[PDB]
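Enquirer: Fold the following for me, if possible:
(4 chains)
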Amino acid sequence: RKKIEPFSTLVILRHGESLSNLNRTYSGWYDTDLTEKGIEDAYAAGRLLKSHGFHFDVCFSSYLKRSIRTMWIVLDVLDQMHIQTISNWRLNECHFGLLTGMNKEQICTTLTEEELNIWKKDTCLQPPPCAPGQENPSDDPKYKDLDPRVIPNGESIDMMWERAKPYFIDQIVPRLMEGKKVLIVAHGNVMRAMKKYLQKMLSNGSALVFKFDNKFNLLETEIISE
Amino acid sequence: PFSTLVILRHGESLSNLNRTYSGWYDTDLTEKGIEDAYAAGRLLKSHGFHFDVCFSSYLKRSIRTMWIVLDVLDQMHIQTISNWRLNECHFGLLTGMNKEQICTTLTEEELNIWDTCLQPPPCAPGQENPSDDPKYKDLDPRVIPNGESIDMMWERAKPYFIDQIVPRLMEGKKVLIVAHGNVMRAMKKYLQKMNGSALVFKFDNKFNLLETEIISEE
Amino acid sequence: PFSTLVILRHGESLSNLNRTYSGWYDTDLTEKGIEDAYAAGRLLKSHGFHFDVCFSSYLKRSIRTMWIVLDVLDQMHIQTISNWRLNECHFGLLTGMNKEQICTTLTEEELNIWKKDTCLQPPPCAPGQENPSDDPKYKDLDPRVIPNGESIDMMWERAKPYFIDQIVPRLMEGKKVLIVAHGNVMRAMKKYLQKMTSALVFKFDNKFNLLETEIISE
Amino acid sequence: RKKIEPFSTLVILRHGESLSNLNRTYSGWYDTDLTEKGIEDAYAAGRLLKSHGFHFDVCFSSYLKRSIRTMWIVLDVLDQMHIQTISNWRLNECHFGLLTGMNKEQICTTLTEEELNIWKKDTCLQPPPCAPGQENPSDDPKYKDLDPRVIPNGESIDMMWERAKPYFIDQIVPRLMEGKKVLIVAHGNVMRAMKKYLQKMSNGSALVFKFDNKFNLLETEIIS
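Expert: Residues are numbered from 1 along each chain as shown, chains lettered A, B, ... in the order given. Take a look at the structure below.
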C-alpha cells in the first residue's frame, strides 16, 4: 500500500522542554536552552518523523537556541544534517517585555484579574517593555544587524503574528509553491498562529502536517503522534 | 558614508499621460518616460554612483526604468531584484478611472479624506483586476490586496524594506531603488521619522541617518 | 517534460559587424542585433514558453538580448542571473583582431588548430594592450581565476561548474530555464548534454534523462 | 592595545576524530561520525576560537556528518548557533573509491611500492573506483539531486581540488569580498589545498587568513 503524495508539504513541530519551562518562568525571547527532557523530546520527534518517511528539502527555525537545537537533533535522527537550514528572528516566540523571567505569583501581582483573564483567553493583550535595569534579551549580539526600530519590546500574540506573517508569506510559501517539503521547528504560539492562518479559522509531542496542491490550496491537515 | 541608499521615481507612464489612475494596472512608460529614465541615469552617473544592487517593483514601468538607468550607469551586470511588495497601491474599484470618475464614485467626504488612510473599495464584478495577471500566480492568494490605502500599502512594503534593504545597508552596500512616488514618500517618512529629483540617504555603520540630500540636474 | 532548458544565442554585436573577434571585449548589440533579439523573443512566445529564471553572461551583448527577450515574453519581472562563468572565451592577444591579423599573428599550424580544434590557447594580452578583464565589473572576482587567453576547452572547464551548480539543480526541481548565451558556450553545453564529440530546446524527465533535443526557428 | 582589523577574514578548522580514524581505516566519502573524542575535539576547537574573539557571519561545511557535527558544536561554543550555515558536496574529502574502508595492510598490498611513495608524497595518484559489491558512499540519498556525471568515484587530491576550487571561488570569495568573517569546518586535505592555493606554494590548530578589499592575502596565522 502507498498513498499519492501532495504537490508540497509543510510540517510544523514544537520544540521540547526548556530550562525556563522547568523553572516555571516565562522566557519569550530569553534564550533558555533545552533540558535533558527537552533533548529527549527532540529525539522522539525525529523518530516520529522518520517513521512517517519524511524527507525535507529545507528546515526553518527561530533565532532562539531551544528551536535551533531541536532542529539539529531532529535532522540528526532523520539523517538529514546536510539539508539547507534557515534561522530568523521573525519566527521567535513573543517578546514578553517586563514579564520576561516572571513566575505565576509575579504575573498575578502585575496583572489585574481582568487582564490575566484576557492574557489567558485572547491574543490581544500587550505586555509592557523591559524595565530599566532588567536584562532585555534583544540586547544580544545576535540581533545587532536588525533595524533597531523593528525590534520588539513587549508583544501580544497578535503583534507577534503581524511580524511573523510576512516571513511565512515571503520565505515559506514560495518554497511550497516550488513543490518542496518544508520543516519548521517552532514555538507553540507561532505554530498555532500559522495553523489558524492556513485553515482560515494538539499534544505536547504532536506534529502538524499540511498538504497543498500546485495552486496552494490546502488539501489536508493531519496531526501525527507517537 | 558607510552605506548609501538612492531612491528614484519612475517617469511618465501611459496612464499618467492619459490622466487615469493605474495603481497595479501594468501601464508602461511613454517615450517621455523613457527619456526621463535616461535623464535620471545621467544624473546619477554625473554624481559618480556605483551600486551593488538595484530593487524595483513588479510593475513594468519600474522595471523598465531600472533597466535604462543601469544601462546609462554601465551597470547592466549588477544584481537586480523585483518584488510585488514595492508595487504602488492597488486602487481596486478606482483602477483605471480619471479624476472626474473618482469624483462621481467617492463622496465629497471620501475624496476629502483622499490623507493616507482612505481604502478604496475592491474591484467591481466584471472589472478587470490587475492582480489576476500570471506574474502574481505564485503568491499566497490571501495576501493579494484589492483596494489599498497608502497606510495599507506601507504595511506590506515595510517588511520588505526591513528584511531586504536594511540588511544590505548594514553590510555597507550602495543600494538603488526605482520606486513609485507613494512608496518613495513612505520610505522617506520612515527613515527620517516624519521629476528628475533623486533622494540620497547616507548612513553610518550603526544605521544612523547622517544626511539626506536631494539631487537634480538643477 | 519534467523540466525544460532553452539556450539562445545573442544577436549581432558591433565587433561581428566590423569582423573582429571580441571575446571578453564588451561590444554591444547593433540595431540588427536588437532586431535579432526581438525576433528570438517572438519565436519563444509563439511556442508558448514561460520561464522561471533566465541566465546571461556578464557581457552586454548577452544581457541586453536577455532583457529584450523577456520584454517580448512579458516576463520582465522574472529572476535573472548574470555571471562571468558564461562569458565567451577570453581571446587574450587576439582580442579585437580581424581574420587578417590573426593569420599574421599565428603560425600556419597554430591557425589550423584554432579553426579545426578546441585546444589552442591564445597568448595573453600584450603589454600596452587594453585587456577587457580590467573592467570594474570584474573587481569582485578572485584575481587568480580571471583568464588571459583561453582555448574553447579552457572556457568550458570554467563554465562547466556553473552549469552543474546553478542550472542542473533548477532543472531537477522541475523548472523551465532560459540561457542567453555565446555560440561557443551554447555548443559546449549541447555537447555535454548529448555526449557528442535559432534556439535549442532540451527536455528532461525527473531523473535528468534527456528525452529530446529540438531546434526551433522561424 | 587594539589592533587594526582586516577587511575580511577566513578561518579554517579540521574536524576531529572519526570512528574510521580511530579504527585506522580510510573513509573518504564514507560517512563516518565523530567519536566521543572527536566530539571533545570540536568543543576544544570552539573554545580556542572563542578565546580569540571570533564572530562569524557565515559557516561552511562539507556534506559529511563528521564536518557538519563539528560545525554545530563549534557554533554552540561560540554562541553562534543562529548564524547562516551552508553545506556542500564540493567541500567533501577525496572520494577514495576502491580504497574506501581499507586499513594500512590492505593499502600496502593494493599499491606497489612506487605507487605508495607517490600516494604519500604527492597529490596526483588517483585510486580506482568502488568495486561491484562494495558499498559506494555516493549512492547515499543525500546526493540524489546531483548531476550523475559529476559524482566522483576515486579521486586524487588534485581532482578533489579541481572540483572544490570552483566552490571556493564562487561561494567563499564573494563573501570575503563583502567584508564578511567566514568559518570553514573542513577535511585535512581540503584545508591544505586551500592554504596552498591562497599562499601560492598540529592537532587542533586553526588557520586564519586575513584579506584586504582587493583580495590580497595580508596574513596567515596559525592559532592553537
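Enquirer: quick check: longest helix of chain A.
Expert: helix A:36-51 (DSSP state H).
Enquirer: Which strands and helices lie in contact with that helix?
Expert: Helix A:36-51 sits against strand A:8-14, helix A:65-77, strand A:207-212, with contacts defined as 3 or more C-beta pairs under 8 Å, 6 or more residues apart in numbering or on different chains; DSSP states H and E. C-betas here are computed from N, CA, C, even on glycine.
Enquirer: Same list (the ones you listed) but as CSV, adding distance to residue C:168.
Expert: Putting the helices and strands packed on helix A:36-51 into CSV (distance: least, C-beta to C-beta, whole Å) gives the following:
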stretch, distance to residue C:168
strand A:8-14, 21
helix A:65-77, 24
strand A:207-212, 26
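Enquirer: quick revisit: next, the angle from the longest helix of chain A to helix A:65-77.
Expert: The directions of helix A:36-51 and helix A:65-77 differ by 40 degrees, with axes from the mean of the first three to the mean of the last three C-alpha atoms, to 10 degrees as the criterion.
Enquirer: Check which residues of the helix or strand just after helix A:36-51 are buried.
Expert: Using DSSP states H and E, the helix or strand that follows helix A:36-51 in sequence is strand A:58-61. Residues A:58, A:59, A:60, A:61 are the ones in strand A:58-61 that count as buried (16 or more other C-beta atoms under 10 Å in any protein chain shown).
Enquirer: related to what we said a few turns ago, which one of the helices and strands packed on helix A:36-51 lies closest to chain B?
Expert: Ranking those by proximity to chain B (C-beta to the nearest C-beta) places strand A:207-212 first, at 10.8 Å.
Enquirer: Disregarding residues adjacent in the polypeptide, which is nearest to the closest residue to chain B within chain A?
Expert: Nearest residue of chain A to chain B: residue A:166, at 3.7 Å (C-beta to the nearest C-beta). Among residues not flanking residue A:166 along the chain, residue B:159 sits closest, at 3.7 Å (C-beta to C-beta, 6 or more residues apart in numbering or on different chains).
Enquirer: ok so, going back, distance check, the residue of chain A closest to chain B against chain D.
Expert: Noted for residue A:166: a distance of 19 Å to chain D, by C-beta to the nearest C-beta, to the nearest Å.
Enquirer: Show me where chain A has its strands.
Expert: Ranges of strands in chain A, per DSSP state E, are A:8-14, A:58-61, A:84-87, A:181-186, A:207-212, A:218-224.
Enquirer: elements contacting the fourth one?
Expert: Contact here means 3+ C-beta pairs under 8 Å, 6+ apart; on that basis strand A:181-186 packs against strand A:8-14, strand A:58-61, helix A:65-77, helix A:188-199.
Enquirer: Now the last one: buried residues?
Expert: If I follow you right, that is helix A:188-199. A:189, A:190, A:191, A:192, A:193, A:194, A:197, A:198.
Enquirer: which residues touch the last one?
Expert: Shown in contact with residue A:198 (C-beta atoms under 8 Å, 6 or more residues apart in numbering or on different chains): A:10, A:210, A:218, A:221.
Enquirer: swap in the third one?
Expert: Under the criterion of C-beta under 8 Å, 6+ apart, the contact list for residue A:191 reads A:12, A:14, A:184, A:208.
Enquirer: what's the closest of the residues you listed to chain D?
Expert: For the contacts of residue A:191, the residue nearest chain D by C-beta to the nearest C-beta is residue A:184; the value is 15.5 Å.
Enquirer: Show me what the closest one bridges to in the sheet.
Expert: Beta-bridge pairing for residue A:184 (DSSP bridges): residue A:12, residue A:60.
Enquirer: What about it, how many residues nearby?
Expert: 25 (other C-beta atoms under 10 Å in any protein chain shown).
Enquirer: Does it touch residue A:172 like I think?
Expert: Yes - taking contacts as C-beta atoms under 8 Å, residue A:184 lies within contact range of residue A:172: 7.1 Å.
Enquirer: Give me the common contacts of those two.
Expert: With C-beta under 8 Å, 6+ apart, residue A:184 and residue A:172 have common neighbours A:10, A:60.
Enquirer: which one of the buried residues of strand A:58-61 sits closest to chain D?
Expert: Chain D has its nearest neighbour among the buried residues of strand A:58-61 in residue A:61, at 8.4 Å by C-beta to the nearest C-beta.
Enquirer: Surely the closest one touches residue A:89?
Expert: No - under the criterion of C-beta under 8 Å, residue A:61 makes no contact with residue A:89, lying 10.6 Å away.
Enquirer: Find the residues that touch each one of these two.
Expert: Residues touching both residue A:61 and residue A:89 by C-beta under 8 Å, 6+ apart: none at all.
Enquirer: before we move on, back to that, could you flag which of the contacts of residue A:198 are buried?
Expert: A:10, A:210.
Enquirer: if we take the contacts of residue A:198, which one ends up nearest to chain D?
Expert: Taking C-beta to the nearest C-beta as the measure, chain D sits nearest to residue A:10 out of the contacts of residue A:198, at 20.3 Å.
Enquirer: Contacts only, for that closest one.
Expert: The contact partners of residue A:10, taken as C-beta under 8 Å, 6+ apart, are A:172, A:176, A:181, A:182, A:184, A:198, A:209, A:210, A:212.
Enquirer: before we move on, what about residue A:86?
Expert: Neighbour list for residue A:86: A:58, A:59, A:60, A:61, A:171, D:84 [criterion: C-beta under 8 Å, 6+ apart].
Enquirer: Count the neighbours of the fifth one for me.
Expert: In terms of burial, residue A:171 registers 17 neighbours under the definition other C-beta under 10 Å.
Enquirer: surely it meets residue A:87?
Expert: No - using C-beta under 8 Å as the test, residue A:171 is too far from residue A:87 to be in contact (11.3 Å).
Enquirer: Need the residues touching each of the two.
Expert: Counting by C-beta under 8 Å, 6+ apart, the contacts common to residue A:171 and residue A:87 are residue A:60.
Enquirer: now what about stretch A:101-116, what contacts it?
Expert: With contact meaning C-beta under 8 Å, 6+ apart, stretch A:101-116 is reached by A:20, A:23, A:24, A:25, A:26, A:27, A:30, A:96, A:98, A:99, A:119, A:125.
Enquirer: Report the separation between residue A:36 and chain C.
Expert: 39 Å.
Enquirer: before we move on, what about residue A:144?
Expert: For residue A:144, the distance to chain C equals 25 Å [C-beta to the nearest C-beta].
Enquirer: Return the backbone torsion pair for that residue.
Expert: Taking degrees, to the nearest 10, you get phi -70, psi -20 for the backbone angles of residue A:144.
Enquirer: for residue A:124, same thing?
Expert: Here is the backbone geometry of residue A:124 (degrees, to the nearest 10): phi -100, psi -10.
Enquirer: Surely it and residue A:160 touch.
Expert: No - using C-beta under 8 Å, residue A:124 is not in contact with residue A:160; the gap is 11.4 Å.
Enquirer: out of these two, which sits in the more crowded spot?
Expert: When residue A:124 is set against residue A:160 and neighbours are counted by other C-beta under 10 Å, the residue ahead is residue A:160, at 23 against 10.
Enquirer: ok now do the more buried one, which residues does it touch?
Expert: By C-beta under 8 Å, 6+ apart, the contact set of residue A:160 is A:92, A:93, A:94, A:95, A:152, A:189, A:190, A:193.
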